[PDB]
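*Asks:* Chains as they are written, first to last, in full-length UniProt numbering: chain A, 1 to 125; chain B, 2 to 205; chain C, 76 to 287; chain D, 30 to 255; chain E, 1 to 195; chain F, 1 to 195; chain G, 20 to 215; chain H, 20 to 215; chain I, 20 to 241; chain J, 34 to 266. All C-beta atoms, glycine included, are put in the ideal place defined by N, C-alpha and C. Please see the structure below; I have some questions.
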Amino acid sequence: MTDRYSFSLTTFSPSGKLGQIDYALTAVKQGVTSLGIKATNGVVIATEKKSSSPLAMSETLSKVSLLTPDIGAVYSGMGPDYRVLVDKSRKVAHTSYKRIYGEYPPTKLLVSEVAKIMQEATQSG
Amino acid sequence: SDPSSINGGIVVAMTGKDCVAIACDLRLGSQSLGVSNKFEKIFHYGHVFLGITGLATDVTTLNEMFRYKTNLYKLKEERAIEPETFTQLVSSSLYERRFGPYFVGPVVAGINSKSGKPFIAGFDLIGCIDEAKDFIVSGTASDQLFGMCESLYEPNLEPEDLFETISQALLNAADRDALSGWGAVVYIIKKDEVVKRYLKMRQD
Amino acid sequence: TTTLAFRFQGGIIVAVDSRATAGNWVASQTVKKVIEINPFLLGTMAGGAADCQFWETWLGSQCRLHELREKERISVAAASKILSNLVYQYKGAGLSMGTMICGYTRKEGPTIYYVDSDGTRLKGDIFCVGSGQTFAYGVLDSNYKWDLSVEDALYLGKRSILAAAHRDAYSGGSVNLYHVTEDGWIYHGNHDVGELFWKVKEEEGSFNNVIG
Amino acid sequence: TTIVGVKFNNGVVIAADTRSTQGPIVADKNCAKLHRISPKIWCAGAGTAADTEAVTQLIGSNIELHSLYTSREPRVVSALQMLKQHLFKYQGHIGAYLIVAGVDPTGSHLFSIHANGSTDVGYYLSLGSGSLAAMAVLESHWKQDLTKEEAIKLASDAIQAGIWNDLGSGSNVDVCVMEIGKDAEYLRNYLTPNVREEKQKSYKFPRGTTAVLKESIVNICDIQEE
Amino acid sequence: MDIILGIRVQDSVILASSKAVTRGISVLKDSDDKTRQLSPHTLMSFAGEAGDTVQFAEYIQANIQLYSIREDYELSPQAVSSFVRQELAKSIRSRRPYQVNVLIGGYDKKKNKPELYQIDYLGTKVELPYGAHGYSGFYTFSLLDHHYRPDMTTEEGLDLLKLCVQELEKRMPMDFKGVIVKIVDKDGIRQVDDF
Amino acid sequence: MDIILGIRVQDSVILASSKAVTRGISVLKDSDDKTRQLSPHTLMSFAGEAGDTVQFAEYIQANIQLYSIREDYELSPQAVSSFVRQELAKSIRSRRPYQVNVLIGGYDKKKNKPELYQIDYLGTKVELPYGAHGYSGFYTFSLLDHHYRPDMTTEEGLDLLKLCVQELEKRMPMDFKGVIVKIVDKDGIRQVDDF
Amino acid sequence: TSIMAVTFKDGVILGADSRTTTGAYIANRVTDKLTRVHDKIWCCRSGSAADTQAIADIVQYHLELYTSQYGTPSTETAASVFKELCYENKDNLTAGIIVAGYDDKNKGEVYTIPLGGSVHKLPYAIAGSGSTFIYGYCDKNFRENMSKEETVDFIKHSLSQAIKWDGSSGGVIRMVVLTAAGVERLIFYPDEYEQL
Amino acid sequence: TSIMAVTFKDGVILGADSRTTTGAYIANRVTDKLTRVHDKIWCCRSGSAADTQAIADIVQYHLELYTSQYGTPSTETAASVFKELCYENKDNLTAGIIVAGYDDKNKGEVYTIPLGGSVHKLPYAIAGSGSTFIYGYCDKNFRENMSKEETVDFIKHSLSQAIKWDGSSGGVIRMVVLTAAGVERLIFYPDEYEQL
Amino acid sequence: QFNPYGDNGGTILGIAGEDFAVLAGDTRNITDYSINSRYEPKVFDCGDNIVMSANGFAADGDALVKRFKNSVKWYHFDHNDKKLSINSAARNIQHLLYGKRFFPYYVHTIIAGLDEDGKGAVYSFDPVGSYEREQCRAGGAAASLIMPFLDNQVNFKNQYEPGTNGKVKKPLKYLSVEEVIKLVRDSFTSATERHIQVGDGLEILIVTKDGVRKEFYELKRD
Amino acid sequence: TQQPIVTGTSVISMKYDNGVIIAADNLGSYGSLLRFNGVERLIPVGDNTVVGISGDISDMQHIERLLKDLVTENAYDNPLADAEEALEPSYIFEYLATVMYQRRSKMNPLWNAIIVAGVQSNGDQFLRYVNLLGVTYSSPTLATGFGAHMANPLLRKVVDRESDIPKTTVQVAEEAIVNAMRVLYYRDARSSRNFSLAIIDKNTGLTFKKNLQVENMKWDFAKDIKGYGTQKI
Ligand SMILES: [Cl-]
Ligand SMILES: [Cl-]
Ligand SMILES: [Mg+2]
Ligand SMILES: [Mg+2]
Ligand SMILES: [Mg+2]
Ligand SMILES: [Mg+2]
Ligand SMILES: [Mg+2]
């Protein structure tokens with residue numbers, strides 16, 4: 001065994017394109033529409049609960065997730081990828097910030113941490 | 002032998018009306034031998050002030066460490082760190098060395114730039130926060146400082162009255178401690194001006 | 076603690092600091108470290124405060140009994156030896172004493188004996204005892220002459236204690252000066268180190284390392 | 030330090046004194062010893078103050094993440110299990126002695142935990158240097174089916190016994206009440222029986238009393254434009 | 001080893017270091033040079049536990065020389081002393097700490113100023129007009145406190161240093177076999193071969 | 001105290017004793033005479049624990065002087081050394097023993113012979129052509145073993161003694177501040193005031 | 020601590036006092052020292068409370084995972100898991116555990132695991148500081164194949180004496196009965212057992 | 020060592036094992052630990068053999084001199100003399116002595132003098148290393164005013180259990196009966212008491 | 020191993036005025052973290068217008084005071100009822116203390132009264148008998164909290180006259196008995212706040228030419 | 034220097050309006066072994082004093098004999114031995130305190146903590162403590178060992194200062210003492226259920242109560258307590 005894939009699966013093509021990122025964006029394009037609007041005294045995020053079956057209880061599937069008491073997230077694309085990102089985002093808000101400064105991270109810095117995790121899946125082996 | 006009383010020294014901090022004060026002696030020694038009369042124990046990162054008593058090598062190391070961390074904080078946050086936030090950072094940083102600690106007695110002083118509220122805090126060598134409303138003391142003459150502050154202090158002192166109170170608290174405490182003295186500095190801190198005063202005191 | 080005594084043309088200068096400490100805590104700044112054994116003899120306090128006080132007062136009583144019996148002033152040699160023989164009896168029990176027995180008689184002239192709790196008894200010209208002794212020796216050794224005037228000798232003793240008071244954490248408070256003549260000792264006042272330091276710094280130009 | 034926990038009809042109450050000491054010296058006269066693990070799980074700590082704070086915040090952090098992961102409100106038994114396994118691993122070197130209390134979907138709970146990682150169940154508990162004074166009061170006045178008002182009274186009386194009789198305890202009484210189906214109410218300085226009397230004299234100095242060598246403005250602002 | 005002294009005068013830094021190397025019962029050497037040139041205008045003297053002193057000093061020397069080659073530039077005395085302090089502060093919490101105390105005498109070519117730094121084995125750094133390690137300060141500081149002036153010439157510094165060594169030779173129980181004296185100024189480092 | 005040496009030549013005994021008195025950190029005196037004249041033709045040098053050395057020496061001196069007055073007669077060096085040995089042998093099993101080592105240099109007027117006795121604090125006595133106490137013998141005995149002759153003059157003894165002191169000053173870590181040298185012969189005891 | 024487990028005709032019964040001391044202070048006078056590691060496999064704990072709780076929690080985990088894969092474990096298997104933890108970590112543990120359980124094939128079984136981490140299968144076992152005072156009594160009064168009522172009396176009388184003489188033991192006498200019928204908890208108060 | 024003294028209707032009986040150990044070696048397997056200090060005042064000895072022999076010899080001397088002057092001493096008086104020696108020399112002694120005697124006025128009496136040198140008058144007493152294992156048994160089985168045969172059985176059964184569990188106890192069970200009728204010595208061998 | 024010593028806490032304070040002297044002490048007696056008594060007198064009138072307190076280990080403290088009171092009694096018997104002067108009492112106490120030099124009274128002793136000129140006097144002793152006449156002396160647990168405050172407020176240390184900026188010291192003007200008592204009360208109130216062994220009550224003995232007077236004040240009981 | 038072997042635990046006491054109450058259990062422990070169950074640790078001296086002793090029992094028995102000898106000695110050549118020249122509580126205490134301090138000063142202490150409770154000739158309450166170090170103190174409530182930590186807090190709720198003494202009846206005081214003895218039985222591992230209690234009143238004299246027992250104990254709540262955390266059965 002051992003993970004013997006220690007090389008990048010995303011690489012530059014002759015035209016300078018990173019194929020796997022483009023294809024990931026294509027998967028996002030197929031995803032259900034979600035949106036966000038910023039007001040003076042608040043922000044709203046919204047999406048459609050596209051239920052896969054009417055027997056499914058769509059209230060048990062949360063597309064909009066609390067990351068911190070003052071930060072929320074919504075997505076378009078692959079649901080399972082989102083779910084694990086939410087788990088990592090919630091944890092990193094504690095490990096790399098709240099356990100150090102005794103307060104929750106500002107929006108831009110939590111976004112930065114999530115972005116870093118997504119960048120690494122674009123270069124790591 | 003006791004690491005917290007090899008070099009000697011003291012820090013005291015007080016709150017007043019729309020102001021804070023932090024003060025320290027200037028002595029560094031090797032037990033009985035006086036080595037330096039210019040060893041300042043108060044540092045600042047933006048508008049947040051940090052006094053550190055105890056083992057001098059750790060005092061220097063921690064100053065460099067908190068300069069390091071507050072500089073990265075500022076680059077990422079795009080703003081200066083506040084006293085309340087910095088207090089947590091000091092606590093976190095000390096407790097990470099729980100079983101091999103820095104032998105220090107840190108003291109935070111400053112005014113929150115948004116609320117304007119005066120803030121002071123103290124720590125033991127392992128990160129426990131003492132957030133007193135009135136005053137914080139630290140060092141080899143902390144008993145003496147507790148005695149001075151408890152009788153001399155009264156709330157809501159004006160900046161120039163607070164200066165006299167904290168100065169007399171430091172001076173008379175230091176004169177009853179063999180390992181403290183050799184000069185003293187007092188910072189008077191207001192929301193957007195800080196004044197630094199070196200005091201004249203006995204040099205034995 | 077810093078105590079010194081030195082012989083010179085005009086007799087003996089005795090100079091001491093005034094600080095007593097218990098660990099880092101400064102117990103007193105007003106300790107009398109010169110013990111007036113009688114009007115002609117002085118002893119210095121170092122080591123154990125009680126041991127020095129008690130046994131040097133006792134020495135004064137023995138000196139008084141000697142001169143009542145012999146109708147003659149006791150010699151510094153005899154007086155110092157009464158003390159050294161006494162503490163030698165107690166050797167091992169834990170007495171702590173480092174003292175200079177100082178006197179000026181006809182037969183001896185100005186005489187200083189270093190007496191010590193492990194039984195040592197040394198006659199000498201310059202002695203310095205305490206935690207700040209090394210600092211005071213420096214000033215003494217480089218400025219001492221036999222032909223010092225009483226005025227200059229008094230200042231040298233004062234300046235040497237000040238040197239120790241500055242650097243040694245356990246020395247300070249104030250300086251006590253004595254001048255021992257053949258007709259008895261003369262007290263030359265108490266001098267607060269805080270005020271003395273600034274005065275000496277300005278007048279002498281020394282301590283440029285210190286901002287004043 | 031005196032800390033107690035008392036079970037009652039529809040919940041649990043914890044209380045603590047407000048004195049923290051180095052040796053014989055009082056470091057802080059109004060210390061906060063009631064720590065929040067989660068909204069309705071609170072605990073009080075005795076022993077090494079940094080350890081009681083740190084272990085609370087670590088488990089409190091992990092409890093919050095666990096609550097988000099499972100979409101369920103945290104349980105006291107989870108906090109207890111995580112605390113004891115952490116403390117046992119460090120073989121008593123983390124000097125945290127805690128009384129852990131709270132309400133959750135399972136009901137109301139009260140546990141004690143020692144620094145080596147041993148745990149206890151009870152209707153009334155006390156910890157710290159004043160625990161014997163507090164337990165004397167608890168053993169004299171505790172009964173089954175206490176009301177909320179009776180439990181608050183008993184808890185604060187037990188802390189008072191510590192305040193007055195134990196030199197390690199003093200100043201004020203802090204209380205936190207956790208009732209089933211309600212918000213936990215934190216009552217900071219519930220009792221204040223130790224206010225210092227007015228001093229005989231004002232020690233405010235005349236301005237210019239202190240001798241000053243130098244004055245200067247400290248630049249706290251960043252490097253300026255132009 | 002034993003006595004190391006330093007004095008910063010108007011235009012130079014002077015380091016004096018004893019020559020004796022004693023292994024318990026016998027004095028094995030009486031011409032030992034307890035110093036290393038870190039860069040053309042920076043000198044470091046040292047004292048402490050046997051073996052560790054030279055090992056530490058040569059390790060620092062190798063690092064500063066490496067920096068000089070990489071950047072084609074001489075680090076300031078302040079920068080060198082900070083590097084040395086960090087190494088010792090790192091060392092004190094190691095498995096086996098370096099038991100080494102140092103004095104760093106350098107001439108800053110940018111500021112045109114001499115600089116003397118005193119650093120003990122814990123990583124305790126202070127900039128001083130004059131300094132020492134061990135018991136050396138106990139005998140010499142009262143003399144330096146009295147006579148020192150910031151505008152002293154190199155010759156006056158050497159004369160004050162002689163008075164300090166004389167007091168050491170009088171009151172110290174150990175025979176340290178005299179001192180090697182080196183001067184650090186704008187022209188670099190040189191040894192006073194008659195002292 | 002520290003170094004005490006003795007050498008018996010043709011017609012005299014020469015005792016050399018260091019001048020330093022050190023109380024831990026500082027050298028308190030550099031002219032101390034570590035010897036007592038027991039009788040006109042008998043000298044005793046001494047080293048050991050502070051206080052006890054002088055106390056013991058003066059006690060012995062008082063006893064020998066008492067014997068001299070009672071009998072109007074000077075005891076032989078052998079008799080004095082036997083008396084001293086017994087006092088130390090008695091002392092070693094006391095509540096608090098005298099920690100004192102001695103050399104006894106005497107000229108026997110009956111036999112017309114110089115005599116040197118070495119006695120340590122245990123009461124171990126040996127008659128020797130040359131002797132020492134402490135570490136003094138470790139540095140000097142190889143030189144004495146080589147150069148010593150039983151028919152040496154007093155001047156040759158002093159020259160061999162100078163070579164011994166020079167070797168001590170070179171290889172010993174402690175500064176003992178030179179030695180006081182005294183000669184014991186048929187005419188009594190005298191001090192060499194330039195050495 | 021006074022603890023014991025006794026096999027009888029219908030299975031096994033575990034017994035324990037309820038006193039936990041810190042020196043001469045009784046830190047808990049109503050302790051439950053009878054511990055469930057599986058439905059019908061329990062244990063009595065003595066020694067370090069931290070250690071015996073840590074061990075018991077790990078055993079309970081092991082037997083829960085065993086049950087999910089291989090079905091109900093035997094009492095011997097449970098004792099083996101206890102022994103493995105106690106023997107391999109003997110340098111860092113102060114634990115004296117009695118393991119008692121009921122199978123339908125094997126019926127009531129008792130295993131004692133003293134300080135060293137050895138295992139001893141016995142008809143009955145006694146342990147804890149208070150056990151020293153009842154070696155004579157228990158040896159004289161134990162019989163094999165007693166009834167439930169006789170075994171309850173034997174344990175009640177035994178622990179009564181252990182409590183009487185041992186300062187480290189006291190409070191209530193707790194008991195857990197393990198048979199084919201199920202699991203029954205019993206409690207006996209001072210006013211009952213002190214007059215025996 | 021396992022020693023005991025028990026008062027009964029007609030007087031008092033002393034009992035003891037016969038094992039004396041040096042570490043794990045049995046230096047004497049037939050020791051007589053029941054010692055006569057007066058005609059009808061005996062004692063059981065535990066602790067340092069040197070100390071308890073020295074004490075007993077001094078007591079015997081004291082009671083012999085008492086008798087010559089004041090007539091037969093009481094058992095209380097004998098206990099007092101034992102106590103005086105044990106209390107005043109507590110720093111230098113390791114002795115645990117049970118004193119038993121028969122008066123006609125007072126009948127059977129038992130006094131125990133533990134390590135500290137205190138005195139305790141009791142209906143019966145147990146001491147020695149082996150006694151720890153029979154506190155439960157003796158407390159449950161002792162009755163006041165037993166017959167001679169019952170008391171012999173009580174002591175035989177008690178010491179049997181003490182011997183069974185204590186390695187420092189063993190050999191034969193010796194007994195001395197003190198009544199108005201006189202002084203009777205009894206001995207019981209392993210093959211007798213081991214099967215009880 | 021048997022430890023013949025203990026620590027009963029407590030804090031005492033002696034201040035010498037111009038024609039009076041006060042000796043004050045808290046009334047709390049403790050061991051470890053327990054309170055033995057909230058009112059156990061620690062400052063004693065010993066006769067001849069002398070007041071005394073031996074703070075530290077209370078058994079040695081009681082023994083010393085008892086032996087000194089006895090010494091006063093026998094001084095009267097042996098010397099025709101002569102009044103024992105404060106300086107004579109002080110020298111006598113040195114000999115009582117030094118008599119046990121190698122098994123000391125584990126106490127810090129302070130006596131107060133008037134000298135033979137009618138001026139206020141305070142003497143301070145270490146455990147083995149070294150002594151000195153002093154103007155101001157705190158003893159015991161909270162001595163380190165009290166002395167710096169007294170240096171500042173009694174002797175006006177580090178205080179200079181406004182406008183001169185360090186050139187002219189604040190002049191050492193004499194304090195009245197009412198002024199001293201204010202500083203004593205504030206010293207003990209502050210010590211009570213920050214030291215766990217100080218509290219319950221404060222008893223002050225005031226010595227004048229008219230005799231010895233007592234004053235009591237409550238302190239915080241936590 | 035020694036070590037205690039057979040020991041007695043807490044002695045507790047308090048003042049009330051007309052006298053004093055003192056109590057102590059009847060146990061003589063041998064380490065953790067509850068060896069002797071009928072030990073009287075309150076020893077009356079005359080009809081006005083009761084001395085309560087904790088710690089080493091052999092030393093207690095020695096002190097008991099000293100007090101017995103003290104009564105005999107006081108009666109010698111004393112026609113008023115049962116009147117004006119009878120032993121006072123203050124005489125008995127001062128004698129014991131002298132002995133205790135002398136013994137610790139020879140480095141050979143009587144390993145005890147002692148409380149002397151009584152009523153003086155003039156009707157004044159006497160209550161004072163002395164221990165192996167010779168340390169003495171007085172207080173409205175006094176207790177030794179565990180009693181100091183657990184009984185005092187409870188007893189101080191009844192008499193918190195001197196002025197509370199005249200407001201405290203003998204019924205309220207005895208109730209408080211008896212409750213404290215119950216609390217000590219719950220929480221002290223070296224205590225017993227059986228105890229003695231003595232009341233010395235200026236009107237009704239010395240009332241000595243033997244064979245008292247701790248009663249009204251709460252244990253029922255123990256039945257609901259299961260496991261040490263997660264266990265439900
Ligand atoms: Cl076993
Ligand atoms: Cl026993
Ligand atoms: Mg100072
Ligand atoms: Mg100084
Ligand atoms: Mg463990
Ligand atoms: Mg029990
Ligand atoms: Mg307090």
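Closer than 9 Å by beta-carbon distance: list the chain B residues that pair up with residue 82 (chain D), in chain order.
*Replies:* Going along chain B in sequence order, the residues near residue 82 (chain D) (Cβ under 9 Å) are 92, 96, 128, 129, 130.
*Asks:* So, at 7 Å on beta carbons, what are the nonlocal neighbours of residue 153 (chain E) in its own chain, with the 5 sequence-adjacent residues on each side left out?
*Replies:* Result list for residue 153 (chain E): 9, 10, in chain order.
*Asks:* Run the proximity test for residue 120 (chain D): is its beta-carbon closer than 7 Å to any non-hydrogen atom belonging to ligand 5?
*Replies:* Checking the Cβ of residue 120 (chain D) against ligand 5 gives yes.
*Asks:* Measuring only between beta-carbons, confirm whether residue 180 (chain I) sits less than 8 Å from chain C.
*Replies:* Chain C, which has no Cβ nearer than 8 Å to the Cβ of residue 180 (chain I), makes this no.
*Asks:* What residue range is occupied by the uninterrupted alpha helix (DSSP H) comprising residue 105 (chain G)?
*Replies:* Looking at the DSSP string, the run of the alpha helix (DSSP H) that includes residue 105 (chain G) is 94 to 107.
*Asks:* When the Cα of residue 266 (chain C) is compared with those of C:82, C:87, C:93, C:81, which residue comes out closest?
*Replies:* Among C:82, C:87, C:93, C:81, the Cα nearest to that of residue 266 (chain C) is on C:93.
*Asks:* List, in order along the chain, the chain C residues whose C-beta lies closer than 9 Å to that of residue 175 (chain F)?
*Replies:* Ordered by position in chain C, no residue passes the 9 Å Cβ test against residue 175 (chain F), which lies about 15 Å from the chain.
*Asks:* Are residue 50 (chain D) and residue 192 (chain D) closer than 8 Å when you measure CB to CB?
*Replies:* The answer is no: Cβ separation not under 8 Å.
*Asks:* CA-CA distance, residue 128 (chain E) and residue 111 (chain E)?
*Replies:* Whole-angstrom Cα-Cα distance: 17 Å.
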